[PDB]
Amino acid sequence: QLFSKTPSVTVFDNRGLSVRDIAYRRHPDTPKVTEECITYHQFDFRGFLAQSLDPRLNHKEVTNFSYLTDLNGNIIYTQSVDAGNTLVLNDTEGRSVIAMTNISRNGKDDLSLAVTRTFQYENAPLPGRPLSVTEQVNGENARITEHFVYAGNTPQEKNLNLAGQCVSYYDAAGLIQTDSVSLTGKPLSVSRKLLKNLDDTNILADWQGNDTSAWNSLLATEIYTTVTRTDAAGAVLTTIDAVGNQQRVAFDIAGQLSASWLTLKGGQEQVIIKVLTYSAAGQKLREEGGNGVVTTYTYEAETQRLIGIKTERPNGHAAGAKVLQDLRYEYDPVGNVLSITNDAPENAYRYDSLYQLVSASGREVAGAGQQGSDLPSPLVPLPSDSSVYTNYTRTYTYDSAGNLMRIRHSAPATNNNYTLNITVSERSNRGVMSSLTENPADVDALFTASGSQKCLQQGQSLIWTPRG
Amino acid sequence: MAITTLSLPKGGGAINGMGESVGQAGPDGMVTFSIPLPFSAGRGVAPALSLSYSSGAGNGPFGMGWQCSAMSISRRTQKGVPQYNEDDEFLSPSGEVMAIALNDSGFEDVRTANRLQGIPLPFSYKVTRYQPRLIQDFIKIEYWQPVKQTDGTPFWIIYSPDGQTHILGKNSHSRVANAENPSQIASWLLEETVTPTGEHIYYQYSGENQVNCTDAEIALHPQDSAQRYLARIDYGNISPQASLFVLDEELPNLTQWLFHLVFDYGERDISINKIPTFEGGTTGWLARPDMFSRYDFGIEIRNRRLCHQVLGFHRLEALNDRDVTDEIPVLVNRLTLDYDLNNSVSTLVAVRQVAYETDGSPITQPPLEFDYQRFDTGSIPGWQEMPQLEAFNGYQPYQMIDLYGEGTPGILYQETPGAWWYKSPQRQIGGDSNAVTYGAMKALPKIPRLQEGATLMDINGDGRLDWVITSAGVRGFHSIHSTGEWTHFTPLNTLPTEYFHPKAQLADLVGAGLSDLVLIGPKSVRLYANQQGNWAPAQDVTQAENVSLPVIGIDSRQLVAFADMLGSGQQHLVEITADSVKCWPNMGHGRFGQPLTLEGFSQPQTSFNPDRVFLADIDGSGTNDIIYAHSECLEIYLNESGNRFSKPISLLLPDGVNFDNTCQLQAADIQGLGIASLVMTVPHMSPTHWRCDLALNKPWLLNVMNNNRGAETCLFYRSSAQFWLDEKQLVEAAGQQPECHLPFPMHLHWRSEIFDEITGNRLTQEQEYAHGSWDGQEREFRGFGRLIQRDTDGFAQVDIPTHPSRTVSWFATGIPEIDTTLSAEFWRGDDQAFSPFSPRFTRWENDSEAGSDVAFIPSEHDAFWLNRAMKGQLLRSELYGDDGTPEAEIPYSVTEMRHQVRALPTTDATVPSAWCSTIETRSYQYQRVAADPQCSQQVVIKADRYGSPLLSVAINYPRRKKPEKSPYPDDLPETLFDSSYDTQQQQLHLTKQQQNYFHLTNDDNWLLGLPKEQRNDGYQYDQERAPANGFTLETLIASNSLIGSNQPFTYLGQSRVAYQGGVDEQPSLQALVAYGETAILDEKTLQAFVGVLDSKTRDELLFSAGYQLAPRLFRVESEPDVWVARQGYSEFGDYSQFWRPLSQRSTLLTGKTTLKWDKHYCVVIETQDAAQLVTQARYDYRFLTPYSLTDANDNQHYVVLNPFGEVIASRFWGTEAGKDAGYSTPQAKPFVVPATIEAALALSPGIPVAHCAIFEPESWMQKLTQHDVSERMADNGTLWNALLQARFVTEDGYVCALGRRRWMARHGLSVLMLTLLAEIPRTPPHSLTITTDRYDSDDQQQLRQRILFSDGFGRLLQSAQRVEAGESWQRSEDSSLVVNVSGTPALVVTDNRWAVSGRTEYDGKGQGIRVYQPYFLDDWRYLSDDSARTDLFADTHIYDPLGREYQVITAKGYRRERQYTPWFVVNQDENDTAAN
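These protein sequence lines are chains Q and P, in that order.
All letters in the first sequence, in the order written, are residues 4 to 108, 111 to 349, 362 to 485 by PDB author numbering.
All letters in the second sequence, in the order written, are residues 7 to 803, 806 to 1484 by PDB author numbering.
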């Protein structure tokens, strides 16, 4: 039991501020060696965060993070080599006036990708909610991403319980007409309009033009709706789904699900559940699926930890009587999984004191080869015999700052072996498969100002777009 | 803050009680307990009265030691009988001495005025602003006397700093005045108050009367007209008035006040099975067994009445504003005030909240119940020999006084010159700290001690003795300290009265502690002359020639004495025959009242030798009791309330002994117990002494507190003389010198236990104190030098090892000789901690610049008064917890304070007035490690003539040097102890905050110190900047202060408020806000924007965010403006609208909101927002609470409440897009909630309601009645009836909680009283509820069948929900688990299954240790603590002495562990902890 003397500790200034914190680390591969991992929180003249950093960049004596605020309150401006920068502002009421993102790491960071969001509002007498907000693209095609319609107090609205409601929200991909409500507060209905052709990537769902006399050019004919009724407790009593489906449900005295039925598109509604039953912990205990297969659940009564779950087919069933699974799990005192087994046989694990799962072992299928950007073939038919799967070891490696190094494996009887690197930045979390580059200085160019990645694969470019 | 919305109900809660707990320790040490009265606030203008008991109190209508006085202002007379002239003296309602003020021109506050609040008066008053000797807070006093006495009466006015303004004693009912010359007034009762809202409260009194008053009451106590009692209070005035209602030529009708408190002294039918009538009935107020009378003013008071019930009344159809005829307010609730009675005392047994159902049934809360340690005549012990003294009496061989001031006499045998030999009281070795003995004599240097009128008299009244010198021509004294310091001789400005003889030498009637001789008999009265140990001329007086004449010194079977049969404290003249007793009322200088006979005494005239009587009070009331000797027995006569006498107790003497003319009986506290024992010598044999410890405990101490919910207490109490004996024992163990000057055995709280009636756990708390303190000049108490507390729970459980509490503290006695020494008592394991604070003596100056104090050196007089002002200030305290570790000798923390005392000028040529100020504070957080505390200090710098906190500074000190080796355990990864550091720890920090105020402080406005402006800034510095002893005031004011004007800083904030009002957004008298204002953004903060924005984009974002620039506060010359927010835009009615809020708008950017009020301007009936969303409500004015609501969609919600105003059922219904939905309307489908859990379980679904709930606060008690038991015992129900007077069972048939003990135990009476209980188990106070998930139009309606349980206090104990049938554990009827043969919990199928939730077991501080897992049960009733402890799984939270978990254990031994240090905290998990 490795874990003896691996505590964590937090440290404070005379203002009681959380100046520093420590975690002890120890790989079971390194049982004689204990690492001390630490990071810092500098505080300002205001008694608030001045600086806090990546441990490894810090101990390499590089500074890479920033956080800046109003007179008290909250961050105005904030940067990392990972995140890029970020700026906002909001009202005295906290209503937002502006936000910006995807701004680079030089004198000043690059505002040309700021993807600016700004907001338009209810005015006197109305309470002051935003009636719209827009993507105010810097120096470019600024476009109104969304628009809110708030109802009045007509008797119609009152009956629909839509008084003051956001009875429309036009948005990216179109509009929700918040088009009726029950006195419980749950909807009586909503209508969704998708775009005039949701196929057409360049009808933008940006609400240029003054009203739907224009925006009809941007909303579908393929409009759909949901209609609903509910408990006084608000749980669903029934529902309708305009393509042709529909819903009904029933419950136990504590509100737990007993049974349910759903109308299939344009046709019958039929029962789902055959049995469903629960523990004193309220968690499931005894069930039977609509196909008639039977399940039960098992807990440590001292702790409610699930020790296992078991399932079988009944006598004379269409697929015949059979135990389908008997899941059993092995835990450390904290509860980390040490091993698992099932029958219808085993696997096992290792951890650092810091609970990095450093090793895993068990059965995996032969012949799939080294995992890449792919899904290999299923075995067909379903294997009647077990030797098609084989022993493996799988292992992993990590930084004292929050980064990984390599992944390392053998399935020896298959001869499938690898060790594979994520190249990671000399000065950030940015990192990629070795295939893209092996060089930790070069890797950080493979990312956007937000730090979104350029590519999936050697040429598989990632089309990042405004609003990230 | 935003709109006070019409509110959708939450629908539930937990069972209440009231005020359940007594406070922590205090330097008075006196037992006291108190709870506010449970009656409605009205519009927020309702009285603040409270029930209170104190061991320090006298007697009254509340019962003995109880107290619920209104506020009143009064004469001062503890020196003696007042003058009734110019020279009279007076006291504030808070109890403080009062004096004529000075104007700021240097002259007294004299003027005459012809208007009040500018309302013109019919005739002018001489008026004076009045000054207390010591300020608690700066309330303004004016006294009002007619310009000539024919022009009515004087009266009083008070002004609060919050402007609440009060008048006292304009009328006779509101005045207490001489029954035979009302030109003399003793006190002015609170009669009216006014608010700036023009709202009021009015207070109605009654005098005494002959209702239920007997012949003897008239004959002995005719002059009752001075007395007063509170008859009614009323409030909620329908018309606002900024001036007093007293200014009406007649007061408006009862109907003008919509809320009323009616006080009933047993008048209405005390039965609960009837709603009280608003009127009283033909009873009138009752009599009492135990009427007392007082003469504390040279005039009678006679005290005939006690309460029984108090009733709250709301004028319903006025409040509804629906009818005007016959405005009968309903009784909202009845307080019951239930008393124990005896012919000398009465006191509350109990109290209850009661309210009445629409069927007229009472409904009742479970009572709160009391008991008191009390006198007895049954239990008395047999007599005991006195080896210690056994022969040393009978003429010369006895001599005794408490020369040392032990609070206990020592036997100072003295025979000759020098024979002064003090056999002294000592603790016995071994046994309880109660056993005491006279140790051996000692010799000490002394006066030649003869030919001098020798006596160890304190002539001065110090409480500390002189010795009298009076030889031929030779006259003075010496003074002797407790040290035995016989001071040098004292000539006395000597003018004693000529000693013609001792015959009829008076002592008491000059005034307590002021005693002086008078030689007197018939038809004349010489005057006493003693002041303080000097004398006036011995003047001559007589009382009126009709007054019967008392005269000492005839042996004819008769006696006379100065001895208070009456127990006022004045040792009245009393004359005794063989057959009768007569006593003369004290009348002060030269005067007596006509004597009263006291009934009951007699003895056979054949044989009544007078000297066979003995004089002592025995009952402890003050009433002198009587003892008479038979040769075999004592006859003991006990004084009934100071009126007549009980049947005599006959007491058998020690066996074979006979009482005779040699025998000397006495009573004394040789026990040191604070209540005496009989002590006697029989100088016949060589042994002679005997005692009887008649009194086991001092009576009349409230010793048990209970509520029937399940709270109960054992309370414990101890003599100061006993504590001092312990102190003296230690003092001489140190060889130190006894100067614990406190010449009186006060008796004080010592220990208490609180026992949880339910779980059987309990809480132990105990206290001790040292250097009891006394004013040797003013003759008054001065506290203790040190206080100590300790505490643990006691546990039903070894799983909880206690680690017992300790804390110690020190307070100002105001006596340098003591106060200096306390410093030496301080813990000093650390020594880097800074040298202490000290009291700053300072004088206020109207300095002709802005006003300031100036620190100064008082004279010896001034210092005396100033220290007497610092009296009781907390100086220091020191916190500990005890365990197996060698750091229980180290504090967790220590705290210390600096005070400053402001002197103020006076018309008093002898002393100033004063105020005291807590100018500095500091603490060290040690975490029981002495080396490296965290340290912090907070200080004030600027304050005005009204002491407002204008400027403050606070400090957080840098860390000490890194330790030379780990003070912390070896278990730590060793690198930690080298790693746990930051430069930030070495960064010193200081904090600046500064503010100023308005003062509408003229005419009849007294609005002190209203908030005007505030700012914040901060400083940081290196450790090397630290001043030598840290900071003090003198450090912080300096030109080289680190926050002096030279020193730059980060600005951090400012705030302001604009008022709406008469000028310049300065406050109205109502000081309504126009808008709130705060700073938000600053030049340095802008540099965050600089990476993105520009001037225009910055400015437009700021303005669109609504901020503006404004002047920066406390800008001296050149500072930039700053961006501010402004908030809270709202509007209000006028005074005629009671200034009610009409609308609100958090900021102008938002949509507004609008409010609508009832005609009384009490209730917001209706509202709408500026999106025009309506909301509506309709209101139960019993509770000022909406029984209905309507939303903006016109969906209704409706709710119904019990007579106390508990929510008990609710429903909602409304509109549903071309349909109406929810339940039915209430009147469409009415319902009533069932009476019981089983009655509710009988219900079907389909009920037209969202919810209902049921409750049992009384569930803890069994309820027992004639029905069954009349079969079992058939004693014609005489028990069934009398168990109420036995208070075993209440009027509503519950087993009364103390009753259960009381009647079984008192004579071991019928075991039935226990046998018939447990068929109902004591059931935790609990509730059941249903809420329905679907409308009654659907036959599918799920019901949330849920129950919850709480302790005797309000702690949630556990809860359950009914669940679908299935396997469950099984409850036994006796609450046991059902179990298998192996004792396994009986896990079996049940239909009545529940899921059980939330159970835990708790510390008395509520900390849940064992938090249990969920489980099934077959029953709603409670499952036993014992079986739970036996079987049920829980994690166990493990708390430090601060109450922090340093560990938690899983239900299976693995742990989470945490350890705390001043600079860091360590954390460990179940795996790392498995190293254990």
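Yeah, the Cβ is synthetic: ideal placement off N, Cα and C, and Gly gets one too.
Cβ neighbours of Q/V186 in the same chain (closer than 7 Å, five flanking residues each side left out):
Locating residue 186 of chain Q in the first sequence gives position 181, counting from the first residue. Answer for Q/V186: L165, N166, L167, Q170, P192, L193, listed in chain order.
(request) Quick one: measure Cβ to Cβ for P/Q170 and P/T199, integer angstroms, because I've assumed they're closer than 8 Å. (result) For the purposes of this step, residue 170 of chain P is taken as the residue at position 164 of the second sequence. For the purposes of this step, residue 199 of chain P is taken as the residue at position 193 of the second sequence. Correct: roughly 6 Å between the Cβ atoms.
Original post:
Excluding sequence positions up to five away, which residues of its chain have a Cβ less than 7 Å from the Cβ of P/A1482?
Top reply: In the second sequence, residue 1482 of chain P corresponds to position 1474, counting from 1. Excluding residues within five positions, the ones whose Cβ falls inside 7 Å are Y1462.
Open item on the list: Tell me the residue span of the beta strand (DSSP E) that contains P/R1464.
Closed with: The residue labelled residue 1464 of chain P in the question sits at position 1456 within the second sequence. From DSSP, the beta strand (DSSP E) with P/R1464 extends over 1463-1468.
Buried or exposed: Q/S370, going by 16 or more other Cβ atoms within 10 Å of its Cβ? Here residue 370 of chain Q corresponds to residue number 353 of the first sequence, with the count starting at 1. With 16 or more other Cβ atoms within 10 Å, it is buried.
Along the chain, where does the alpha helix (DSSP H) containing P/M752 start, and where does it finish?
The residue given as residue 752 of chain P occupies position 746 in the second sequence. Here P/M752 belongs to no alpha helix (DSSP H), and DSSP marks it neither H nor E.
Q. Is it a yes or a no for the stretch 217-231 of chain P touching the stretch 286-303 of chain P, going by three-plus beta-carbon pairs under 8 Å?
A. yes
Point to revise | is_contact[P/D365, chain Q] using C-beta, thresh 9 Å | key: In the second sequence, counting from the first residue as 1, residue 365 of chain P sits at position 359. By this cut-off, P/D365 is not an interface position.
Which residue wins for smallest C-alpha separation from P/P601, given the options P/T612, P/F607, P/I582? In the second sequence, counting from the first residue as 1, residue 601 of chain P sits at position 595. It is P/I582.
**Message:** Check whether the stretch 264-282 of chain P and the stretch 320-331 of chain P touch, using three or more Cβ-Cβ pairs below 8 Å as the test.
**Reply:** yes
(request) Please list the partners that Q/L71 has in chain P, where partner means a Cβ-to-Cβ separation under 7 Å. (result) Locating residue 71 of chain Q in the first sequence gives position 68, where the first residue counts as 1. Correct list: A1096.
CB contact flag (P/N1400, P/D1439, <9 Å): Here residue 1400 of chain P is taken as the residue at index 1392 of the second sequence, counted from 1. Here residue 1439 of chain P is taken as the residue at index 1431 of the second sequence, counted from 1. No, Cβ-Cβ distance for P/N1400 and P/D1439 is not below 9 Å.
Query - Neighbour list for P/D1177 in chain Q, Cβ cutoff strictly below 7 Å - result: Translated into the one-based positions of the second sequence, residue 1177 of chain P becomes position 1169. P132, listed in chain order.
Check your understanding: If you draw a straight line from the alpha carbon of Q/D47 to that of Q/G157, how long is it in whole angstroms?
Key -> Translated into the one-based positions of the first sequence, residue 47 of chain Q becomes position 44. Translated into the one-based positions of the first sequence, residue 157 of chain Q becomes position 152. So the alpha carbons of these two residues sit roughly 49 Å apart.
Query raised in the report: Where P/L1157 and Q/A129 are concerned, what is the direct C-alpha to C-alpha distance, given to the nearest angstrom?
Result: On the second sequence, residue 1157 of chain P is found 1149 positions in, with the first residue counted as 1. On the first sequence, residue 129 of chain Q is found 124 positions in, with the first residue counted as 1. Rounded to whole angstroms, P/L1157 to Q/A129 spans 8 Å at the Cα level.
Next on the checklist: Could you check whether the stretch 96-109 of chain P touches the stretch 136-148 of chain P, counting it as contact only if at least three pairs of C-beta atoms, one from each stretch, sit closer than 8 Å?
Outcome noted: yes
Output, in chain order, the set of chain P residues within a Cβ distance shorter than 8 Å of Q/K163.
Within the first sequence, numbered from 1, the residue matching residue 163 of chain Q stands at position 158. By Cβ distance, chain P contributes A1200, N1201, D1202, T1223.
* Got a sec, what are the start and stop residues for the beta strand (DSSP E) P/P128 sits in? -> Position 122 of the second sequence, counting from 1, holds the residue named residue 128 of chain P. Here the beta strand (DSSP E) through P/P128 covers 125-138.
Query raised in the report: When you compare each of Q/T37, Q/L71, Q/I424, Q/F153 to Q/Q45 by their alpha carbons, which one comes out closest?
Result: The residue labelled residue 45 of chain Q in the question sits at position 42 within the first sequence. It is Q/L71.
Check: For the alpha helix (DSSP H) that Q/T217 lies in, which residues bound it at each end?
Finding: For the purposes of this step, residue 217 of chain Q is taken as the residue at position 212 of the first sequence. From DSSP, the alpha helix (DSSP H) with Q/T217 extends over 217-220.
Distance CB(P/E763)-CB(P/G1362) smaller than 9 Å
Here residue 763 of chain P corresponds to residue number 757 of the second sequence, with the count starting at 1. Here residue 1362 of chain P corresponds to residue number 1354 of the second sequence, with the count starting at 1. The answer is no: Cβ separation not under 9 Å.
query = Under 9 Å between the Cβ atoms of P/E718 and P/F651?
reply = Here residue 718 of chain P is taken as the residue at index 712 of the second sequence, counted from 1. Here residue 651 of chain P is taken as the residue at index 645 of the second sequence, counted from 1. Not in contact: P/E718 and P/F651 (Cβ atoms no closer than 9 Å).
>> Let's test the definition: count the other Cβ atoms within 10 Å of the Cβ of P/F113 and tell me whether it reaches 16, buried, or not, exposed.
In response: As a first step, residue 113 of chain P is located in the second sequence; it is residue number 107 there, counting from the start. That one is exposed.
Inset, instruction - Would you kindly work out how many angstroms separate the C-alpha atoms of P/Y1430 and P/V1396, rounded to a whole number? - result: By 1-based counting over the second sequence, the position of residue 1430 of chain P is 1422. By 1-based counting over the second sequence, the position of residue 1396 of chain P is 1388. Looking at the two C-alpha atoms, the distance is approximately 18 Å.
TODO: Name, please, each residue of chain P whose Cβ falls closer than 7 Å to the Cβ of Q/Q309.
DONE: The residue given as residue 309 of chain Q occupies position 304 in the first sequence. Simply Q1421.
What would DSSP say about P/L523, mapped onto helix, strand or coil? As a working mapping, residue 523 of chain P is identified with position 517 in the second sequence. Reduced to three states, the DSSP call for P/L523 is coil.
- request: List the whole-angstrom C-beta distance separating P/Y900 from P/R936, where the pair is believed to meet the contact cut-off of C-beta under 8 Å.
  value: Here the question's residue 900 of chain P lines up with position 892 in the second sequence. Here the question's residue 936 of chain P lines up with position 928 in the second sequence. Sure, about 5 Å apart at Cβ, within 8 Å.
Point to revise | Selection from P/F1239, P/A939, P/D952, P/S1196 that minimises the alpha carbon distance to P/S856 | key: Working through the second sequence from its first residue, we reach residue 856 of chain P at position 848. Checked all of P/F1239, P/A939, P/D952, P/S1196; the closest Cα to P/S856 is P/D952.
Here's the rule: buried if 16 or more other CB atoms are within 10 angstroms of the residue's CB, otherwise exposed. What is Q/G179? Position 174 of the first sequence, counting from 1, holds the residue named residue 179 of chain Q. It counts as buried.
Problem - For Q/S265, the nearest candidate out of Q/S401, Q/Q275, Q/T95 (CA to CA) - result: As a first step, residue 265 of chain Q must be located in the first sequence, where it is residue number 260. Here the closest residue by C-alpha is Q/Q275.
- Contact list for Q/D257 against chain P, beta-carbon separation under 7 Å: Locating residue 257 of chain Q in the first sequence gives position 252, where the first residue counts as 1. Under the 7 Å cutoff, chain P gives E1372.
| said: Taking the straight line between their C-alpha atoms, what separation do you get for Q/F68 and Q/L374? | reply: Mapped onto the first sequence, residue 68 of chain Q falls at position 65. Mapped onto the first sequence, residue 374 of chain Q falls at position 357. Looking at the two C-alpha atoms, the distance is approximately 29 Å.
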